[PDB]
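Below you'll find the structure, written out as structure tokens, and then a few comments.
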Amino acid sequence: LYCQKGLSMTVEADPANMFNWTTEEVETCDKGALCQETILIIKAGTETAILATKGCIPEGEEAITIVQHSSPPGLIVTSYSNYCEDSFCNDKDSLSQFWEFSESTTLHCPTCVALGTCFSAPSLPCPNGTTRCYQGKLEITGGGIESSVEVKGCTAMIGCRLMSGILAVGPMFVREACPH
Ligand SMILES: *[C@@H]1O[C@H](CO)[C@@H](O)[C@H](O)[C@H]1NC(C)=O
Ligand SMILES: [Pt+2]
Ligand SMILES: [Pt+2]
Ligand SMILES: [Pt+2]
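Residue numbering for the sequence shown follows the numbering used here, starting at 10 and increasing by one per position.
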């Protein structure tokens, strides 16, 4: 078994539906391994953090798993994970299917997303249906991803639940914590 191999952690001012999940490299799996491609997409205002991993994983169930962790209005978090058992099967290139990333009471909320800590988080007018401000940090380990992501923005979600308690995202483990 051979798998597309690549690792990418970026914050884009450009939409997710122009991200190219290109991988040049391939790698050889131990026997009984799977191919995985896993991506976590976090949009705050006009910026999108994209944490993406492709390679062999020694064990797992063949499955495609799409999770809409947070839906509009406001902060949007989607993950896609494909665990597949044919050589080169982890070949996804486009995120165009995730149109959540293509777009009375007004909330103004500090807005940012950053690898590490946000340089700045200006308070911006929130999309209609927002009821509160979110501030959190995601500590991510697994699949060769090691990062903290700071996230502030607009939401109608209750509590510290940007990930909706779905903390396993293919081989990544995402620990979500908020200020108080
Ligand atoms: C915003 O939300 C409310 C509640 O659904 C709606 O009635 C109101 O007209 C909306 N405001 C705008 C600017 O569309
Ligand atoms: Pt392996
Ligand atoms: Pt699909
Ligand atoms: Pt937002």
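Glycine included, C-beta positions come from ideal geometry on N, C-alpha and C.
Within 9 Å, strictly: CB atoms of residue i and residue j
i	j	result
residue 59	residue 48	yes
residue 45	residue 90	yes
residue 166	residue 143	yes
residue 148	residue 183	yes
residue 136	residue 174	no
residue 43	residue 94	yes
Nearest-angstrom Cα separation, counted from residue j out to residue i
i	j	result
residue 118	residue 141	8 Å
residue 152	residue 29	19 Å
residue 105	residue 25	7 Å
residue 39	residue 10	8 Å
residue 62	residue 56	20 Å
residue 164	residue 145	12 Å
residue 53	residue 67	34 Å
residue 35	residue 12	5 Å
Any non-hydrogen atom of ligand 1 within 8 Å of residue i CB
i	result
residue 88	no
residue 114	yes
Any non-hydrogen atom of ligand 2 closer than 8 Å to residue i Cβ
i	result
residue 180	no
residue 59	no
residue 67	yes
Near ligand 4: residue i beta-carbon under 8 Å from a heavy atom
i	result
residue 24	no
residue 84	yes
residue 136	yes
Residue environment, residue i, which counts as buried when at least 16 other CB atoms sit within 10 Å
i	result
residue 155	exposed
residue 168	exposed
residue 70	exposed
residue 125	exposed
residue 129	exposed
Residue i Cβ short of 8 Å to ligand 3 heavy atom set
i	result
residue 77	no
residue 73	yes
residue 106	yes
>> In chain order, what are the residue ranges of uninterrupted beta strand (DSSP E) at least 3 long that sit wholly in the segment 142-189?
In response: Within the segment 142-189, complete beta strand (DSSP E) segments of at least 3 residues are found at 154-164 and 181-186, given in chain order.
>> Could you tell me which whole beta strand (DSSP E) segments of length 3 or greater appear in the segment 70-110?
In response: Listed in chain order, the complete beta strand (DSSP E) runs (minimum 3 residues) inside the segment 70-110 are 72-79 and 85-93.
>> Suppose only complete runs of 3+ residues qualify. What are the beta strand (DSSP E) ranges in the segment 21-45, listed by chain order?
In response: Qualifying beta strand (DSSP E) stretches, in chain order: 35-37.
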